[PDB]
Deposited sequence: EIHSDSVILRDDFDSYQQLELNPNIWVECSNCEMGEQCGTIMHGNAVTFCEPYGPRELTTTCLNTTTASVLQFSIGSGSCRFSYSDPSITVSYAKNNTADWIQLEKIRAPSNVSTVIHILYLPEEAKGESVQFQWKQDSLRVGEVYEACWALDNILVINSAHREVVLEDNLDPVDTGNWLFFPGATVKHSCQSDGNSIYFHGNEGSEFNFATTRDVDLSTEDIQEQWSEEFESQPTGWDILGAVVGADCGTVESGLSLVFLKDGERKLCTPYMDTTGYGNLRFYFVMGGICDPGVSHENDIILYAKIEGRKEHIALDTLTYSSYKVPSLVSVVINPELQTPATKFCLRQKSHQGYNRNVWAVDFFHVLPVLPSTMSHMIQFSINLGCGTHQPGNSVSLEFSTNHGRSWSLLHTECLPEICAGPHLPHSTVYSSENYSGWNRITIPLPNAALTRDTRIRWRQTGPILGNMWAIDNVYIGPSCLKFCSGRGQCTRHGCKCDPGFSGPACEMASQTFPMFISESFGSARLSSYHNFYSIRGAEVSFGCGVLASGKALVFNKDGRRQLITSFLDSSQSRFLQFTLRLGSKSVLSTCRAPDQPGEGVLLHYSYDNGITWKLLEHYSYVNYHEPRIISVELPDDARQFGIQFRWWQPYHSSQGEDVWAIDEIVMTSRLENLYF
């Protein structure tokens, strides 16, 4: 899994590092990643850090963080080489050369290791060029050499005990019992620029794909924008048959036609630079991947393909953002610069697109998370992201796509988790998107606020348990571990029964008395919106989440769900912007899958309306919840809506 790892807070460890040249292991420059770093601050002397011998036979990537922290950063100091040597000789071969840190930011460097650096006796060396005074300092932290050999399709870790091989780094966190966890968890105390937990790469590839559109480039395609390319096989087989080989003098650019992407969530293609072809040599030969919407001049950046990452044909997987799911979106690859004909050559093949989620729902992630740890901390929020290029770039695992605002497939919730909406420990269960179903995919939980406390536990990543255990179980390597009171391979058999009716006129001003509802957020019971049915109504006034979730029901013998709704009229001013309407969802797997039932435009309900929703078969279920929710509002006393007289019956 890992050939080398050191955050310098786990011990210099003489089994990892030769004695350094004029360094200190500590906090002389403050936080780089977290805790201690290897710092260089002497005015003279060689500045050098060197590993002991390593077996890099199947080493793929070298990663490290570098920066000046709170120390003086460089304007004119000599640059810093990253090199390797074999057989404990002094013949250092340069891998990369980077200028000494010249901002305050810490940069994470990802280096793809050439073949000649893969051997049985290899060291790596960080060394600053010698002087002819160092006016500045620099520091190293979180050094990692990944192993490509030994590989898994499932990652399971409840930290009891932790498998260190499952994790790269978690800066700001410790594996320990805290935050009222079940045994150990990954606990962030809240002390610092980076606070995240990153998994190792997992093999989430699938045996076949169900693409509905593809381009194989067996002849120059019609309607594309193609500059500087020939249809051929100069770089060898990129996927199958011929490919687009960008070997010409001049501009090298590839653009799809404007496409209807409103049903697509994942763009894929195979790519290679060098190898059989002439390789790129520096980052000016990099490929820029961007998108464009028809009618609008702006280029939406997507990713960058680096000259060193794709020396063999490799799958590139990119998320088509909700802003890019339009009736006319095009995708473009452009090289920055090259050194002439047949120089720094790249090739692409088998462009194809996939839906947001695979039809099979074949893979999932599940975890427990606590935000705040027994104290609601505003601004405490964790984004769940994935990478398919060894951490070079990251994407939110799911991005919301809601009516009017988004034209793509309906996706109600982004994989973002804030303290405002969660209390204590909560289990999150998510089907993985197609774009993450690759062959080196890693996951990370990243704090996006500041000193916020949080923790994660019971992590599962891999093939989906049956029905994601129906929201009533933990998915394990060996199937569902069901919660108390539930049983079966998907935890579908329940011991309790649920009411086959609901009825609420909202006579009580105390939200704590509503046991027929699971959640009442952002609302009060009052006359603020006048009379809807009779007496008071539930008026959604407040800042933050505005939602109403019924308790668990049994709608198997129910025909309709009925309620009175009003959107706006001074204490009930109507929603004024698109997407500020109300959505009705249902879920019968404990909130894993919220299915859209109806959408009430912000433009249609100024006078109270008796709404009667005839239930489709899929919404007549034992153990179901109905939710009314306003995802967007101006969060004051604005865009107010109200509900009253909720009724469901059964025969």
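According to the record, the deposited residues with no C-alpha atom in the structure span 1 to 5, 17 to 20, 142 to 144, 204 to 205, 465 to 466, 586 to 589, 672 to 677.
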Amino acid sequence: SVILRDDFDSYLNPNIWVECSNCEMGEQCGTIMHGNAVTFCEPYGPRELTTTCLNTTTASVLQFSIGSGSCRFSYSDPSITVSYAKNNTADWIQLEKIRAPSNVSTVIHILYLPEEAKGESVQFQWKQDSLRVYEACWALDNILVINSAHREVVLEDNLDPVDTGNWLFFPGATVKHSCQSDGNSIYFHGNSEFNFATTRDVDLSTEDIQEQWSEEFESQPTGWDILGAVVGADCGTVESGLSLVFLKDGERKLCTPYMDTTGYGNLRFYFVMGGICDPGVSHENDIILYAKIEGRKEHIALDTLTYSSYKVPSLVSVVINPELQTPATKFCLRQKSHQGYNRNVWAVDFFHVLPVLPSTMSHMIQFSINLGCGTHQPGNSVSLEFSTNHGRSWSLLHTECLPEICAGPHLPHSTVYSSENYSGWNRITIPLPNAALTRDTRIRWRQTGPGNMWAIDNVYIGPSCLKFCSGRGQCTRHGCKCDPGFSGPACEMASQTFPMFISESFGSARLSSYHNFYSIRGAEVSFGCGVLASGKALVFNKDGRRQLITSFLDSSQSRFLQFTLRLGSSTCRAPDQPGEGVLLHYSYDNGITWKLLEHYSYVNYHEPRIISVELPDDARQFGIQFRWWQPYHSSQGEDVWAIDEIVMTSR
From here on, numbers count along this sequence of modelled residues.
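Once the C-alpha B-factors are averaged per stretch, 468 to 476 and 372 to 380 rank with 372 to 380 first. Look at the mean CA B-factor for 156 to 164 and for 111 to 119 in the entry; the higher one is 111 to 119. Of all the options 618, 27, 48, 589, the entry's greatest CA B-factor is assigned to 27. When the C-alpha B-factors of 283, 268, 444, 413 are ranked from the entry, the top spot goes to 283. Ranked against the other modelled residues of its chain, the C-alpha B-factor of residue 187 as given in the entry falls in the lowest third. Ranked by Cα temperature factor within the chain, residue 11 sits in the highest third according to the deposited record.
In the deposited entry, the Cα temperature factor of residue 629 sits in the bottom third of values across the chain's modelled residues.
When the modelled residues of the chain are ordered by C-alpha B-factor, residue 643 sits in the lowest third. Placement of the Cα temperature factor of residue 599 within the chain: middle third of the modelled residues, per the deposited record.
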